[PDB]
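Below is protein.txt, holding compact mmCIF, C-alpha atoms and all ligand atoms.
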# COMPACT_ATOMS: atom_id res chain seq x y z
CA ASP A 1 -10.93 -16.25 -24.03
CA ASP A 2 -8.75 -16.08 -20.90
CA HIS A 3 -5.43 -16.39 -22.78
CA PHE A 4 -5.95 -13.51 -25.22
CA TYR A 5 -6.73 -11.07 -22.43
CA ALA A 6 -4.00 -12.14 -20.00
CA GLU A 7 -1.19 -12.49 -22.54
CA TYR A 8 -2.02 -9.78 -25.08
CA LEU A 9 -4.87 -7.30 -24.49
CA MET A 10 -4.34 -6.31 -20.84
CA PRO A 11 -0.55 -6.29 -21.28
CA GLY A 12 -1.00 -4.16 -24.39
CA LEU A 13 -3.09 -1.59 -22.55
CA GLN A 14 -0.57 -1.53 -19.69
CA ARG A 15 2.26 -0.45 -21.99
CA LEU A 16 0.17 2.16 -23.77
CA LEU A 17 -1.36 3.80 -20.68
CA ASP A 18 -0.69 4.70 -17.06
CA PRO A 19 -2.97 2.91 -14.54
CA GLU A 20 -5.31 5.84 -13.82
CA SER A 21 -5.83 6.50 -17.54
CA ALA A 22 -6.53 2.82 -18.10
CA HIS A 23 -8.97 2.85 -15.17
CA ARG A 24 -10.97 5.69 -16.78
CA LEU A 25 -10.85 3.88 -20.13
CA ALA A 26 -12.02 0.68 -18.47
CA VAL A 27 -15.06 2.54 -17.13
CA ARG A 28 -15.95 4.11 -20.52
CA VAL A 29 -15.72 0.78 -22.33
CA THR A 30 -17.72 -1.02 -19.64
CA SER A 31 -20.53 1.53 -19.52
CA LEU A 32 -20.98 1.37 -23.31
CA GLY A 33 -21.55 -2.38 -23.30
CA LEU A 34 -19.00 -3.29 -25.99
CA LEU A 35 -18.52 -6.40 -23.87
CA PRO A 36 -19.65 -9.92 -24.96
CA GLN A 37 -25.26 -19.12 -17.22
CA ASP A 38 -25.63 -18.97 -13.44
CA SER A 39 -26.76 -22.31 -12.01
CA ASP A 40 -28.88 -22.46 -8.86
CA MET A 41 -25.88 -23.73 -6.89
CA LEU A 42 -24.33 -20.25 -6.86
CA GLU A 43 -27.52 -18.55 -5.69
CA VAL A 44 -27.13 -16.89 -2.31
CA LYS A 45 -29.81 -15.34 -0.12
CA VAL A 46 -28.42 -12.96 2.46
CA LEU A 47 -28.82 -9.33 3.56
CA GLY A 48 -32.52 -9.65 2.74
CA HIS A 49 -31.73 -10.06 -0.95
CA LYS A 50 -31.16 -12.74 -3.56
CA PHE A 51 -27.88 -13.01 -5.47
CA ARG A 52 -27.80 -15.21 -8.58
CA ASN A 53 -24.05 -15.68 -8.09
CA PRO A 54 -21.71 -14.74 -5.18
CA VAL A 55 -19.09 -12.81 -7.19
CA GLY A 56 -19.40 -9.04 -7.11
CA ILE A 57 -17.27 -6.17 -8.35
CA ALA A 58 -15.67 -4.44 -5.36
CA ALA A 59 -15.93 -0.72 -4.61
CA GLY A 60 -13.36 1.47 -6.28
CA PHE A 61 -13.88 0.49 -9.90
CA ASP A 62 -17.08 2.43 -10.63
CA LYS A 63 -16.72 5.28 -8.14
CA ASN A 64 -19.46 7.45 -9.68
CA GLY A 65 -21.99 4.88 -10.93
CA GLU A 66 -21.19 5.32 -14.62
CA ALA A 67 -20.91 1.65 -15.64
CA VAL A 68 -23.35 -0.28 -13.43
CA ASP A 69 -25.25 -1.99 -16.24
CA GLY A 70 -22.03 -2.78 -18.10
CA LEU A 71 -20.66 -4.47 -14.98
CA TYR A 72 -23.66 -6.78 -14.51
CA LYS A 73 -23.20 -7.58 -18.20
CA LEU A 74 -19.68 -8.77 -17.45
CA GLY A 75 -21.25 -11.44 -15.23
CA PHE A 76 -21.18 -9.95 -11.72
CA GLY A 77 -23.77 -11.15 -9.19
CA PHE A 78 -23.73 -7.69 -7.65
CA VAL A 79 -22.21 -4.26 -8.20
CA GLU A 80 -20.86 -1.97 -5.52
CA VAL A 81 -20.66 1.68 -6.47
CA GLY A 82 -17.97 4.18 -5.78
CA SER A 83 -16.96 5.28 -2.32
CA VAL A 84 -19.07 8.33 -2.92
CA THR A 85 -18.48 11.52 -0.95
CA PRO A 86 -21.16 14.17 -0.08
CA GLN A 87 -19.38 17.03 -1.87
CA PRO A 88 -17.17 16.53 -4.93
CA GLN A 89 -13.45 16.23 -4.23
CA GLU A 90 -10.49 15.76 -6.52
CA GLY A 91 -8.52 13.47 -4.22
CA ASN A 92 -4.75 13.10 -3.88
CA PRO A 93 -2.37 14.63 -6.44
CA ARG A 94 -1.11 12.42 -9.28
CA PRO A 95 0.46 10.03 -9.88
CA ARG A 96 -1.67 8.11 -7.39
CA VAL A 97 -2.10 4.66 -8.94
CA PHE A 98 0.79 2.20 -9.35
CA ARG A 99 1.13 -1.15 -11.09
CA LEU A 100 2.95 -4.18 -9.69
CA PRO A 101 2.64 -6.69 -12.63
CA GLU A 102 5.06 -9.29 -11.27
CA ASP A 103 3.03 -9.34 -8.05
CA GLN A 104 -0.33 -9.20 -9.82
CA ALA A 105 -0.89 -6.27 -7.48
CA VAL A 106 -1.69 -2.57 -7.47
CA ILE A 107 -1.13 0.29 -5.06
CA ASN A 108 -3.45 3.27 -4.96
CA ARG A 109 -3.77 6.46 -2.95
CA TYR A 110 -6.67 8.02 -4.85
CA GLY A 111 -7.88 9.84 -1.76
CA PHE A 112 -11.56 9.36 -2.59
CA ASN A 113 -11.72 11.22 -5.91
CA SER A 114 -15.48 11.54 -6.23
CA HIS A 115 -18.21 13.29 -8.22
CA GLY A 116 -20.45 13.61 -5.17
CA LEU A 117 -23.87 12.51 -3.95
CA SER A 118 -25.81 14.88 -6.22
CA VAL A 119 -24.22 13.49 -9.39
CA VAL A 120 -24.31 9.80 -8.43
CA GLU A 121 -27.89 10.14 -7.18
CA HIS A 122 -28.93 11.74 -10.44
CA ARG A 123 -27.28 8.95 -12.46
CA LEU A 124 -28.67 6.14 -10.31
CA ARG A 125 -32.19 7.58 -10.32
CA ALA A 126 -32.06 7.74 -14.11
CA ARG A 127 -31.78 3.93 -14.11
CA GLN A 128 -33.74 3.25 -10.92
CA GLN A 129 -36.41 1.41 -12.90
CA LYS A 130 -33.95 -0.90 -14.66
CA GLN A 131 -32.17 -1.60 -11.37
CA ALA A 132 -35.51 -2.38 -9.73
CA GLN A 133 -35.88 -5.21 -12.24
CA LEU A 134 -32.22 -6.23 -11.80
CA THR A 135 -32.58 -6.44 -8.01
CA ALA A 136 -35.75 -8.53 -8.40
CA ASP A 137 -33.69 -10.89 -10.57
CA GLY A 138 -30.94 -11.47 -8.02
CA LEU A 139 -28.56 -8.71 -9.13
CA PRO A 140 -28.45 -6.33 -6.11
CA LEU A 141 -26.76 -2.94 -6.06
CA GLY A 142 -24.51 -1.82 -3.25
CA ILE A 143 -23.38 1.73 -2.57
CA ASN A 144 -20.19 2.46 -0.61
CA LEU A 145 -20.49 5.78 1.28
CA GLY A 146 -17.46 7.92 2.04
CA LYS A 147 -16.75 11.25 3.70
CA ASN A 148 -15.02 14.40 2.49
CA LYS A 149 -11.40 15.06 3.37
CA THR A 150 -12.21 18.39 5.02
CA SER A 151 -15.67 17.51 6.36
CA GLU A 152 -16.05 18.28 10.06
CA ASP A 153 -18.70 15.72 10.99
CA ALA A 154 -17.94 12.21 9.72
CA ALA A 155 -21.30 10.87 10.95
CA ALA A 156 -23.09 13.78 9.31
CA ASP A 157 -21.35 13.00 6.01
CA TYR A 158 -22.35 9.33 6.04
CA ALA A 159 -25.87 10.04 7.32
CA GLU A 160 -26.32 12.40 4.37
CA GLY A 161 -25.19 9.56 2.11
CA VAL A 162 -27.84 7.32 3.66
CA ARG A 163 -30.60 9.88 3.05
CA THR A 164 -29.57 10.65 -0.52
CA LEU A 165 -28.64 7.17 -1.78
CA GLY A 166 -30.44 4.94 0.70
CA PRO A 167 -33.61 5.04 -1.47
CA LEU A 168 -31.49 3.78 -4.38
CA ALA A 169 -29.40 1.11 -2.63
CA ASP A 170 -30.03 -2.56 -1.94
CA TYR A 171 -27.28 -2.30 0.68
CA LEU A 172 -25.00 0.46 1.94
CA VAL A 173 -21.36 0.34 3.06
CA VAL A 174 -19.58 2.57 5.57
CA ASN A 175 -15.77 2.61 5.42
CA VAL A 176 -13.44 2.65 8.37
CA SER A 177 -10.68 1.16 6.23
CA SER A 178 -9.49 3.50 3.46
CA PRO A 179 -5.68 3.84 3.65
CA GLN A 180 -10.53 6.35 17.61
CA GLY A 181 -12.01 3.75 19.90
CA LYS A 182 -14.93 1.41 20.45
CA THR A 183 -16.96 4.44 21.53
CA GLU A 184 -16.26 6.68 18.55
CA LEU A 185 -17.12 3.76 16.27
CA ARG A 186 -20.35 3.01 18.13
CA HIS A 187 -21.54 6.62 17.81
CA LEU A 188 -20.79 6.81 14.11
CA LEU A 189 -22.58 3.56 13.27
CA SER A 190 -25.58 4.18 15.49
CA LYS A 191 -26.23 7.49 13.74
CA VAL A 192 -25.96 5.73 10.39
CA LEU A 193 -28.38 2.95 11.33
CA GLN A 194 -30.73 5.56 12.79
CA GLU A 195 -30.76 7.42 9.46
CA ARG A 196 -31.29 4.09 7.71
CA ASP A 197 -34.22 3.26 9.99
CA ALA A 198 -35.59 6.74 9.29
CA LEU A 199 -36.01 6.08 5.53
CA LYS A 200 -39.55 5.96 4.10
CA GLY A 201 -41.27 5.07 0.83
CA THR A 202 -38.31 2.87 0.03
CA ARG A 203 -37.12 -0.58 1.04
CA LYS A 204 -34.64 -0.31 3.92
CA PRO A 205 -31.13 -1.18 2.66
CA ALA A 206 -28.80 -3.37 4.69
CA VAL A 207 -25.84 -1.60 6.32
CA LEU A 208 -22.37 -3.15 6.26
CA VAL A 209 -19.02 -1.97 7.60
CA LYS A 210 -15.88 -2.29 5.51
CA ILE A 211 -12.66 -2.83 7.48
CA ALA A 212 -8.96 -2.89 6.67
CA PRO A 213 -6.73 -5.92 7.03
CA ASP A 214 -4.50 -3.78 9.26
CA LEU A 215 -6.13 -4.12 12.68
CA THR A 216 -4.82 -4.80 16.16
CA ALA A 217 -6.26 -7.66 18.22
CA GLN A 218 -8.27 -5.05 20.10
CA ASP A 219 -9.56 -3.48 16.85
CA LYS A 220 -11.06 -6.79 15.73
CA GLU A 221 -12.71 -7.48 19.09
CA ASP A 222 -14.10 -3.94 19.22
CA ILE A 223 -15.42 -4.07 15.66
CA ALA A 224 -16.99 -7.49 16.28
CA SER A 225 -18.39 -6.26 19.60
CA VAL A 226 -20.03 -3.12 18.17
CA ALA A 227 -21.33 -4.94 15.08
CA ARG A 228 -23.32 -7.40 17.20
CA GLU A 229 -24.24 -4.67 19.66
CA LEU A 230 -25.75 -2.37 17.01
CA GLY A 231 -27.07 -5.13 14.77
CA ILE A 232 -24.88 -4.24 11.78
CA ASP A 233 -26.23 -6.20 8.81
CA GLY A 234 -22.77 -7.29 7.72
CA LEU A 235 -19.06 -6.77 7.18
CA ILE A 236 -16.88 -6.45 4.13
CA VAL A 237 -13.46 -8.04 4.72
CA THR A 238 -11.05 -6.87 3.46
CA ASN A 239 -10.00 -3.41 2.11
CA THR A 240 -6.45 -2.55 0.89
CA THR A 241 -3.39 -2.91 3.15
CA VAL A 242 -0.59 -0.46 3.99
CA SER A 243 1.88 -3.23 4.67
CA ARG A 244 4.20 -4.48 1.92
CA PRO A 245 4.76 -8.28 2.15
CA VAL A 246 8.29 -9.65 1.99
CA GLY A 247 8.61 -10.95 -1.56
CA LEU A 248 7.13 -8.01 -3.49
CA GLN A 249 9.17 -7.61 -6.69
CA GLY A 250 7.43 -4.63 -8.25
CA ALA A 251 9.65 -1.59 -8.52
CA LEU A 252 6.88 0.61 -7.11
CA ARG A 253 6.26 -1.39 -3.94
CA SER A 254 7.77 1.46 -1.91
CA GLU A 255 4.88 3.69 -2.99
CA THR A 256 2.47 4.85 -0.28
CA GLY A 257 -1.16 3.78 -0.41
CA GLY A 258 -3.21 0.62 -0.29
CA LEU A 259 -1.99 -2.63 -1.81
CA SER A 260 -4.51 -4.93 -3.51
CA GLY A 261 -4.19 -8.15 -5.50
CA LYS A 262 -2.57 -11.53 -4.89
CA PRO A 263 -0.23 -10.32 -2.09
CA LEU A 264 -3.37 -9.55 -0.03
CA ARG A 265 -5.04 -12.91 -0.76
CA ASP A 266 -4.33 -14.89 2.44
CA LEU A 267 -4.17 -11.94 4.85
CA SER A 268 -7.71 -11.17 3.67
CA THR A 269 -8.91 -14.73 4.22
CA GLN A 270 -7.32 -14.97 7.68
CA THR A 271 -9.06 -11.76 8.71
CA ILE A 272 -12.32 -13.28 7.48
CA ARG A 273 -11.81 -16.33 9.75
CA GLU A 274 -10.98 -14.17 12.75
CA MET A 275 -13.94 -11.81 12.31
CA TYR A 276 -16.26 -14.78 11.67
CA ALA A 277 -15.20 -16.40 14.95
CA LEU A 278 -15.43 -13.15 16.90
CA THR A 279 -19.02 -12.64 15.70
CA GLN A 280 -19.86 -16.33 16.20
CA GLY A 281 -20.83 -16.55 12.53
CA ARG A 282 -23.76 -14.22 13.21
CA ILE A 283 -22.73 -11.41 10.87
CA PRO A 284 -22.84 -12.06 7.11
CA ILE A 285 -19.45 -11.37 5.61
CA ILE A 286 -18.47 -10.29 2.10
CA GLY A 287 -14.98 -11.61 1.48
CA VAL A 288 -12.63 -9.61 -0.73
CA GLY A 289 -8.87 -9.46 -1.26
CA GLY A 290 -6.84 -11.14 -3.99
CA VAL A 291 -9.60 -13.29 -5.47
CA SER A 292 -8.38 -14.57 -8.84
CA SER A 293 -9.97 -18.02 -9.13
CA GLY A 294 -12.87 -20.16 -7.96
CA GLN A 295 -10.55 -21.73 -5.42
CA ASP A 296 -9.53 -18.38 -3.90
CA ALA A 297 -13.28 -17.73 -3.76
CA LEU A 298 -13.98 -21.05 -2.01
CA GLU A 299 -11.26 -20.40 0.56
CA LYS A 300 -12.95 -17.07 1.41
CA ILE A 301 -16.39 -18.67 1.66
CA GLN A 302 -15.15 -21.51 3.88
CA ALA A 303 -13.35 -18.98 6.08
CA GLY A 304 -16.79 -17.49 6.65
CA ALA A 305 -17.80 -15.37 3.64
CA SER A 306 -21.33 -15.49 2.15
CA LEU A 307 -20.26 -13.42 -0.85
CA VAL A 308 -16.97 -12.41 -2.40
CA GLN A 309 -15.79 -9.49 -4.48
CA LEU A 310 -12.85 -8.85 -6.77
CA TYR A 311 -11.17 -5.94 -8.50
CA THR A 312 -7.42 -6.33 -9.05
CA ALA A 313 -7.85 -9.70 -10.76
CA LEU A 314 -9.97 -7.94 -13.38
CA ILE A 315 -7.20 -5.41 -13.93
CA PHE A 316 -4.73 -8.10 -15.07
CA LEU A 317 -6.98 -10.88 -16.36
CA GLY A 318 -9.88 -8.84 -17.70
CA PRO A 319 -13.59 -9.82 -18.11
CA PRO A 320 -12.93 -13.57 -18.60
CA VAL A 321 -11.84 -13.78 -14.93
CA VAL A 322 -15.42 -13.31 -13.73
CA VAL A 323 -16.64 -16.23 -15.81
CA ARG A 324 -13.71 -18.39 -14.79
CA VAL A 325 -14.13 -17.78 -11.05
CA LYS A 326 -17.83 -18.64 -11.09
CA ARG A 327 -17.23 -21.75 -13.23
CA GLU A 328 -14.44 -22.96 -10.98
CA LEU A 329 -16.32 -22.20 -7.79
CA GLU A 330 -19.20 -24.34 -9.02
CA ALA A 331 -16.94 -27.22 -10.05
CA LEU A 332 -15.05 -27.08 -6.73
CA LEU A 333 -18.18 -26.94 -4.58
CA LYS A 334 -19.37 -30.15 -6.25
CA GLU A 335 -16.01 -31.85 -5.86
CA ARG A 336 -15.88 -30.89 -2.17
CA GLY A 337 -19.38 -32.08 -1.35
CA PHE A 338 -21.36 -28.83 -1.15
CA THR A 339 -24.73 -28.97 -2.93
CA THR A 340 -24.90 -25.16 -2.85
CA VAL A 341 -22.61 -22.22 -2.07
CA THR A 342 -24.47 -21.68 1.20
CA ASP A 343 -23.34 -25.07 2.53
CA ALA A 344 -19.67 -24.08 2.33
CA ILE A 345 -19.97 -20.82 4.29
CA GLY A 346 -17.91 -21.13 7.47
CA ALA A 347 -16.96 -24.75 6.76
CA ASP A 348 -13.48 -24.10 8.25
CA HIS A 349 -14.87 -23.23 11.68
CA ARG A 350 -17.13 -26.26 11.72
CA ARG A 351 -14.72 -28.95 12.82
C1 LIG B 401 -7.51 1.34 -7.68
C2 LIG B 401 -8.38 0.96 -6.46
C3 LIG B 401 -9.35 1.79 -5.95
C4 LIG B 401 -10.20 1.44 -4.81
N1 LIG B 401 -11.17 2.30 -4.33
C5 LIG B 401 -11.94 1.93 -3.29
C6 LIG B 401 -13.00 2.79 -2.79
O1 LIG B 401 -13.25 3.90 -3.31
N2 LIG B 401 -13.74 2.36 -1.73
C7 LIG B 401 -13.53 1.10 -1.07
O2 LIG B 401 -14.25 0.83 -0.14
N3 LIG B 401 -12.52 0.29 -1.55
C8 LIG B 401 -11.75 0.64 -2.58
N4 LIG B 401 -10.77 -0.20 -3.07
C9 LIG B 401 -10.52 -1.52 -2.41
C10 LIG B 401 -11.27 -2.69 -3.02
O3 LIG B 401 -12.68 -2.52 -2.83
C11 LIG B 401 -10.90 -4.03 -2.33
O4 LIG B 401 -11.24 -3.94 -0.92
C12 LIG B 401 -9.41 -4.40 -2.42
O5 LIG B 401 -8.81 -3.94 -3.66
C13 LIG B 401 -9.14 -5.88 -2.31
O6 LIG B 401 -9.64 -6.62 -3.44
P1 LIG B 401 -8.79 -7.03 -4.73
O7 LIG B 401 -7.44 -7.54 -4.20
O8 LIG B 401 -9.62 -8.05 -5.45
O9 LIG B 401 -8.64 -5.74 -5.55
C14 LIG B 401 -9.93 0.16 -4.17
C15 LIG B 401 -8.93 -0.68 -4.72
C16 LIG B 401 -8.15 -0.34 -5.81
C17 LIG B 401 -7.12 -1.33 -6.28
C1 LIG B 402 -5.53 -2.25 -17.92
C2 LIG B 402 -6.26 -1.70 -16.69
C3 LIG B 402 -7.71 -1.73 -16.57
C4 LIG B 402 -8.75 -2.28 -17.52
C5 LIG B 402 -9.65 -3.30 -17.03
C6 LIG B 402 -10.66 -3.87 -17.87
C7 LIG B 402 -10.77 -3.42 -19.25
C8 LIG B 402 -11.84 -4.02 -20.18
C9 LIG B 402 -13.23 -3.99 -19.71
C10 LIG B 402 -14.29 -4.53 -20.52
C11 LIG B 402 -13.98 -5.10 -21.80
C12 LIG B 402 -12.62 -5.14 -22.27
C13 LIG B 402 -11.54 -4.60 -21.49
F1 LIG B 402 -10.43 -4.64 -21.91
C14 LIG B 402 -9.85 -2.40 -19.72
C15 LIG B 402 -8.84 -1.81 -18.91
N1 LIG B 402 -8.33 -1.22 -15.41
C16 LIG B 402 -7.64 -0.66 -14.37
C17 LIG B 402 -8.40 -0.17 -13.23
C18 LIG B 402 -7.72 0.41 -12.10
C19 LIG B 402 -6.26 0.49 -12.13
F2 LIG B 402 -5.64 0.97 -11.17
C20 LIG B 402 -5.53 0.00 -13.25
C21 LIG B 402 -6.18 -0.59 -14.39
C22 LIG B 402 -5.50 -1.11 -15.59
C23 LIG B 402 -3.99 -1.06 -15.66
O1 LIG B 402 -3.27 -2.00 -15.51
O2 LIG B 402 -3.47 0.17 -15.90
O1 LIG B 403 -10.00 6.39 -2.82
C1 LIG B 403 -9.13 5.83 -2.17
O2 LIG B 403 -7.98 6.22 -1.88
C2 LIG B 403 -9.35 4.46 -1.53
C3 LIG B 403 -10.37 4.25 -0.67
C4 LIG B 403 -10.53 2.91 -0.09
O3 LIG B 403 -11.41 2.61 0.70
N1 LIG B 403 -9.57 1.96 -0.51
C5 LIG B 403 -8.52 2.18 -1.40
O4 LIG B 403 -7.74 1.29 -1.70
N2 LIG B 403 -8.42 3.48 -1.92
NA NA B 404 -9.61 -19.38 13.92
NI NI B 405 -33.61 0.96 -1.03
Kindly present the structure from the file in structure tokens form.
Amino acid sequence: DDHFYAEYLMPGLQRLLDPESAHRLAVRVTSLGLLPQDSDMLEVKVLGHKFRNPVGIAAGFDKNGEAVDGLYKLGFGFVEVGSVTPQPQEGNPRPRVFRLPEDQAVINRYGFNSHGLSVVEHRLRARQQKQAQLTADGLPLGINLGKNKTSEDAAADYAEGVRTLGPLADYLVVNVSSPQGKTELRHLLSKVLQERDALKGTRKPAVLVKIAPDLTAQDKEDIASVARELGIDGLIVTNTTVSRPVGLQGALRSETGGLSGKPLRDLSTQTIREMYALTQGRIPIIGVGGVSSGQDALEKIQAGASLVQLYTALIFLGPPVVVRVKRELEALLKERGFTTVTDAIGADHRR
């Protein structure tokens, strides 16, 4: 029930623990399955895969692939693992996670705390068989690849992620947004796609680029330009923002890092519209940023998203939020004339 979690449970956990401790606890609980129907309307085919429902869990929750199965159990149409780095790295010194309850927002500067490719690969291979079945059933797995803080070759770091986890991923994600020109971007992504095309004995995973909501007009044109030029399979809009919107009440708003949650809701959707227009609706887009209801989800899809993802909403509303968003999205699609989710993609631009 939505009320119990929002009014009591989540608030209870927030007074007993600091955000990073709660995050780790959330992962334990989710991976153990101490948790507990998708219509055909929500089914989305894109990126060469089938998704029973368009609501996935965004990268950052399960950084080391410890709770994949638990996440699907919570109702997610797809799971995106970590932001995994080649070598293990501790990340920024603590505290590095801050709660903004009144804003239904969070601010983090984790710095890519990661177990590493070796560990995540081992874990994911251990369940490769189960995931194979999951994928076949419209529950794809995404893997977000990062790079080490001290690494010298960014492209080499990502490429290594493609080789090690490409065989295990349904789709891969390269960041360029965690809180440089059109040429440096083109070289990085071409080497990644080349490594992807070099894979064998495995189904080639789609490659998407995740961008920040903090981009200049030139940044968006360049990203759109390179994406179409290289044939990027998609884009994830949007990642956290460094800006602090006028109206933030949280006492920790002055904290450095990326802001997620409701404050990022519309900035995320507007970026989706802009990127969708710059790519002429030719590049599938996964919309993320402040999704907390079916309606927020529909606004992202109409702006141009084929799929959406959420994270912060789960932090304050808990598991029930996943069920509520899907239920509302379905009800709204009907009410607004769309026979399927696919029909609403890019509806804003079509007028
Ligand atoms: C605590 C935290 C950790 C995150 N870690 C990652 C990460 O490792 N890699 C990544 O690509 N995005 C990361 N993100 C960003 C989310 O994937 C997402 O882009 C952003 O939070 C917007 O969605 P939301 O408002 O629904 O949370 C993180 C976000 C939060 C709040
Ligand atoms: C409470 C919380 C949780 C969480 C989410 C879901 C659950 C959960 C999951 C499954 C079943 C029951 C539950 F309560 C438990 C705990 N995850 C986070 C992740 C990142 C972050 F920065 C902060 C948090 C915070 C926080 O406010 O400190
Ligand atoms: O680990 C992190 O700091 C991090 C990475 C990223 O892509 N986004 C975010 O909000 N935090
Ligand atoms: Na526009
Ligand atoms: Ni694969």
In Å and to one decimal, CA of residue 124 (chain A) is distant from CA of residue 210 (chain A) by 22.0 Å
Quick one: residues within 10 Å of ligand NI 405 (chain B), with all atoms listed in the file, as a VMD selection string?
-> chain A and resid 132 141 to 142 162 165 to 172 196 199 to 206
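Here CA of residue 41 (chain A) and CA of residue 340 (chain A) stand 4.4 Å from one another.
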Counting only C-alpha atoms and all ligand atoms, which residues of chain A fall within 8 Å of ligand LIG 403 (chain B), and what is the closest atom pair for each with its distance in Å at one decimal, ordered by chain and rising number, as CSV?
residue,atom,partner,partner_atom,distance
A:59,CA,B:LIG403,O3,7.7
A:60,CA,B:LIG403,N2,6.9
A:83,CA,B:LIG403,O3,6.9
A:91,CA,B:LIG403,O1,7.4
A:92,CA,B:LIG403,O2,7.9
A:107,CA,B:LIG403,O4,7.5
A:108,CA,B:LIG403,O4,5.7
A:109,CA,B:LIG403,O2,4.4
A:110,CA,B:LIG403,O2,3.7
A:111,CA,B:LIG403,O2,3.6
A:112,CA,B:LIG403,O1,3.4
A:113,CA,B:LIG403,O1,6.0
A:175,CA,B:LIG403,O3,6.4
A:176,CA,B:LIG403,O3,7.9
A:177,CA,B:LIG403,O3,5.8
A:178,CA,B:LIG403,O3,3.5
A:179,CA,B:LIG403,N1,6.0
A:239,CA,B:LIG403,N1,6.0
A:240,CA,B:LIG403,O4,4.8
A:241,CA,B:LIG403,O4,7.8
A:257,CA,B:LIG403,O4,7.2
A:258,CA,B:LIG403,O4,4.8
A:259,CA,B:LIG403,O4,7.0
A:260,CA,B:LIG403,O4,7.2
Kindly give the distance, in Å, that separates CA of residue 269 (chain A) and CA of residue 223 (chain A), rounded to a single decimal.
->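 These atoms are spaced 16.9 Å apart.
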Per residue of chain A within 7 Å of ligand LIG 402 (chain B), what are the shortest atom pair and its distance in Å to one decimal, counting only C-alpha atoms and all ligand atoms, with rows by chain and residue number, as JSON lines?
{"residue": "A:9", "atom": "CA", "partner": "B:LIG402", "partner_atom": "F1", "distance": 6.7}
{"residue": "A:10", "atom": "CA", "partner": "B:LIG402", "partner_atom": "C1", "distance": 5.1}
{"residue": "A:13", "atom": "CA", "partner": "B:LIG402", "partner_atom": "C1", "distance": 5.3}
{"residue": "A:14", "atom": "CA", "partner": "B:LIG402", "partner_atom": "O1", "distance": 5.0}
{"residue": "A:17", "atom": "CA", "partner": "B:LIG402", "partner_atom": "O2", "distance": 6.4}
{"residue": "A:18", "atom": "CA", "partner": "B:LIG402", "partner_atom": "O2", "distance": 5.4}
{"residue": "A:19", "atom": "CA", "partner": "B:LIG402", "partner_atom": "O2", "distance": 3.1}
{"residue": "A:20", "atom": "CA", "partner": "B:LIG402", "partner_atom": "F2", "distance": 5.6}
{"residue": "A:21", "atom": "CA", "partner": "B:LIG402", "partner_atom": "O2", "distance": 7.0}
{"residue": "A:22", "atom": "CA", "partner": "B:LIG402", "partner_atom": "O2", "distance": 4.6}
{"residue": "A:23", "atom": "CA", "partner": "B:LIG402", "partner_atom": "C17", "distance": 3.6}
{"residue": "A:25", "atom": "CA", "partner": "B:LIG402", "partner_atom": "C15", "distance": 6.2}
{"residue": "A:26", "atom": "CA", "partner": "B:LIG402", "partner_atom": "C14", "distance": 4.0}
{"residue": "A:29", "atom": "CA", "partner": "B:LIG402", "partner_atom": "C10", "distance": 5.8}
{"residue": "A:30", "atom": "CA", "partner": "B:LIG402", "partner_atom": "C10", "distance": 5.0}
{"residue": "A:34", "atom": "CA", "partner": "B:LIG402", "partner_atom": "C11", "distance": 6.8}
{"residue": "A:35", "atom": "CA", "partner": "B:LIG402", "partner_atom": "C11", "distance": 5.2}
{"residue": "A:61", "atom": "CA", "partner": "B:LIG402", "partner_atom": "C17", "distance": 6.4}
{"residue": "A:97", "atom": "CA", "partner": "B:LIG402", "partner_atom": "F2", "distance": 5.6}
{"residue": "A:98", "atom": "CA", "partner": "B:LIG402", "partner_atom": "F2", "distance": 6.8}
{"residue": "A:99", "atom": "CA", "partner": "B:LIG402", "partner_atom": "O1", "distance": 6.3}
{"residue": "A:106", "atom": "CA", "partner": "B:LIG402", "partner_atom": "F2", "distance": 6.5}
{"residue": "A:108", "atom": "CA", "partner": "B:LIG402", "partner_atom": "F2", "distance": 7.0}
{"residue": "A:314", "atom": "CA", "partner": "B:LIG402", "partner_atom": "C5", "distance": 5.9}
{"residue": "A:315", "atom": "CA", "partner": "B:LIG402", "partner_atom": "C5", "distance": 4.5}
{"residue": "A:316", "atom": "CA", "partner": "B:LIG402", "partner_atom": "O1", "distance": 6.3}
{"residue": "A:318", "atom": "CA", "partner": "B:LIG402", "partner_atom": "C6", "distance": 5.0}
{"residue": "A:319", "atom": "CA", "partner": "B:LIG402", "partner_atom": "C10", "distance": 5.9}
Contacts of residue 154 (chain A) within 12 Å, all atoms listed in the file, excl. fewer than 5 positions in-chain, as JSON, numbers by chain = {"A": [85, 86, 145, 146, 147, 148, 149, 159, 160, 161, 174, 175, 176, 184, 185, 187, 188, 189, 191, 192]}
Residues of chain A within 8 Å of ligand NA 404 (chain B): nearest atom pair and distance (Å, one decimal) for each, counting all atoms listed in the file, sorted by chain and number, as a Markdown table?
| residue | atom | partner | partner_atom | distance |
| --- | --- | --- | --- | --- |
| A:270 | CA | B:NA404 | NA | 8.0 |
| A:273 | CA | B:NA404 | NA | 5.6 |
| A:274 | CA | B:NA404 | NA | 5.5 |
| A:277 | CA | B:NA404 | NA | 6.4 |
| A:349 | CA | B:NA404 | NA | 6.9 |
What's the 12 Å shell around residue 80 (chain A), counting all atoms listed in the file, without same-chain residues fewer than 4 positions away, as a count of residues only?
-> 38
Which one is closest to ligand LIG 401 (chain B): A:300, A:163, A:351, A:15? Count only C-alpha atoms and all ligand atoms.
->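 Closest to ligand LIG 401 (chain B), using only C-alpha atoms and all ligand atoms: A:300.
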